[PDB]
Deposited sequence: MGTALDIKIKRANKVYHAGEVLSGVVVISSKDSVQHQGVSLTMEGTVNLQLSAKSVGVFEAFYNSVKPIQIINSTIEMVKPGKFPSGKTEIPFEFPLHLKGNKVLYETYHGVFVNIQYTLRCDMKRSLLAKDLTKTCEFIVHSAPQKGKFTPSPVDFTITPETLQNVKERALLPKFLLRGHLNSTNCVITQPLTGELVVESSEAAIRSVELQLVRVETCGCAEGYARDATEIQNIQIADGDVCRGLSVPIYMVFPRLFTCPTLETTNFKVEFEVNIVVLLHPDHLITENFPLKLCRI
């Protein structure tokens, strides 16, 4: 025999901060009056630092607690509910890390509810998650740029680049993660009409200390802002939205760091490659 068990979080958006308290309810629907030995809950917070494809790469734990929610007993048929709570705090001055999903620094905060049974049934396990936001920390730093073949340092075989004089500017590289990346791009001249213009958010993560580490770069998202040969002198706009929590404020830690950047990648009719790699000091303000 099997029944239904679930974990419910009071806040719809699951957003929580240091100094707050997480609250919820464990709710079970049962087709039978199931006698059991106990249903327990466990709250954990961890960061699963992977290793670049060692000394200080072990997973670390930020917060941990557990409560045997239910002693041995019996759950009747129908609906049954038992509240539960947990405190979100750390020893001393330590602060919680941001709920970051990545590829080499994955920070998570989870609840696990386990049910125990006997003859005529079996034990079950349930998982969950909730969102933890880093504390609030502003001065814009607009970066005027001129995408020209002569300004592409990485381009040493420039013979293949036809003349162009792309101009524009980002309103800021110090981006409030709750506000979009905004800017302008103007095609002041293009011997080869633009084939496309893209905005590539690259996350770079470092997992280690000064003794030895590997820096790894990946692309969160690519969006396209102009397709085909735009009119010369027309101000194409650069509106970008920052992932809800796929992106976290950049972190400086003795063991790891997470940082971001934006690449403006322009493609020309002869499949040319432009790449302007601006910085990105993301923050929560």
Which parts of the deposited sequence lack C-alpha coordinates in this model? Number from residue 1, please. 54-62, 147-149
